[PDB]
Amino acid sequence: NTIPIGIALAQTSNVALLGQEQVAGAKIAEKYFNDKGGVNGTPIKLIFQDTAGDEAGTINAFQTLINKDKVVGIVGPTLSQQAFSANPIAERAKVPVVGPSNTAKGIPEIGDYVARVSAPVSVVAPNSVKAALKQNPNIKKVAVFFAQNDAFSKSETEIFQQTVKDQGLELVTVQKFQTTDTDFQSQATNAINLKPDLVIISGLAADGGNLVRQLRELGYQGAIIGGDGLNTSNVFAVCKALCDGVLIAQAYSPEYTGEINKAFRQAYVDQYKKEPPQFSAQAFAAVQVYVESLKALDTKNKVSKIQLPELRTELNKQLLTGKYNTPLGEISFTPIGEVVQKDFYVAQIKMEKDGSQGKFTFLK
């Protein structure tokens, strides 16, 4: 006997350039927690249902997990775009959802069954603008790009634009693109003609990487910030040496000294031969929230005897009250499921000259 927890992430499509790191973190969590006896001796069982890259696929994944797989709760989905469509399904069904990486404004507000462990754009994004200004205090002109079809990108770009204004900088253009575009020559040229000192990009990974590469190809030599959708080593293949120097805010640091981060990091590095990325740590934290909440609930009200609808409702109630020492740091939730988290960072892509290898360097 095991306790089923649903994992609904993008395992296919270009959205999997983000989702695959989340899957990796979830699997590390499953082993970590099951090796510790699961829920008071009862193992958990992660049930993975691929969402693919759109809303329909996410809705289908959620419905399958809820109805066929009888899960006690869901971790997912990957994108805020998917969450706004699918999370109401879980809300209506009274099944908890813990978002690992949905950072758009409004996610926890979807309902009483929706929480997230991922700090939102309003607190994450401004960090990278400040870091760019530290590296070049003479930045004056800023060009902004965003994916107009993606909910998170639209939410993130508003924060970047407001931050640019509040820092007293000149916003010289806002250019739009689609996440499915591969070519950005006209937008990139129109921005470059305005002589920006800083370029900020809110898109996802393939699109963001292609845009970075093209800006450099077209002669742009200024600073570049990527938003959360570029926050993956999967961009390295796309922009190669021309990824070098891109600044990306972080809601996780491998060097954070919390005991569980040490264990998570060691497990990750031993397997993948590089530092754990933010998305992996966030997925681990989401699974941790479920395991620790299930343990607390089970101690007070043995879960093997609770029928599923009540188990789901009691688990949701429990998780919202918990405090968790996770790889992300000490976190908890507001009464509506927003994460409470203290520390943020900025990292910078450092490519090797040949362009075939790189890493994220954390700024001090």
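Here, rigid core means the biggest group of C-alpha atoms that superpose within 1.5 Å across both forms. One-based numbering along the sequence shown.
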{"query": "In 6 other deposited structures of this protein, rigid core aligned: more displaced of 300-308 and 331-339 by C-alpha RMS", "finding": "300-308"}
{"query": "Residue stretch of maximal mean CA temperature factor, 297-305 vs 44-52", "finding": "297-305"}
{"query": "Mean C-alpha B-factor comparison - 11-19 and 341-349, higher one", "finding": "341-349"}
{"query": "Member of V289, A241, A249, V212 with the greatest C-alpha B factor (per the PDB record)", "finding": "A241"}
{"query": "Largest Cα B-factor, entry values, listed residues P88, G76, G258, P96", "finding": "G258"}
{"query": "Third assignment of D166 from its chain's C-alpha B-factors", "finding": "highest"}
{"query": "Lowest, middle or highest third - CA B-factor, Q221", "finding": "highest"}
{"query": "Among modelled residues of the same chain, the CA temperature factor third for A119", "finding": "highest"}
{"query": "Chain thirds of CA B-factor: placement of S233", "finding": "middle"}
{"query": "Record-listed C-alpha B factor of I201: chain third", "finding": "lowest"}
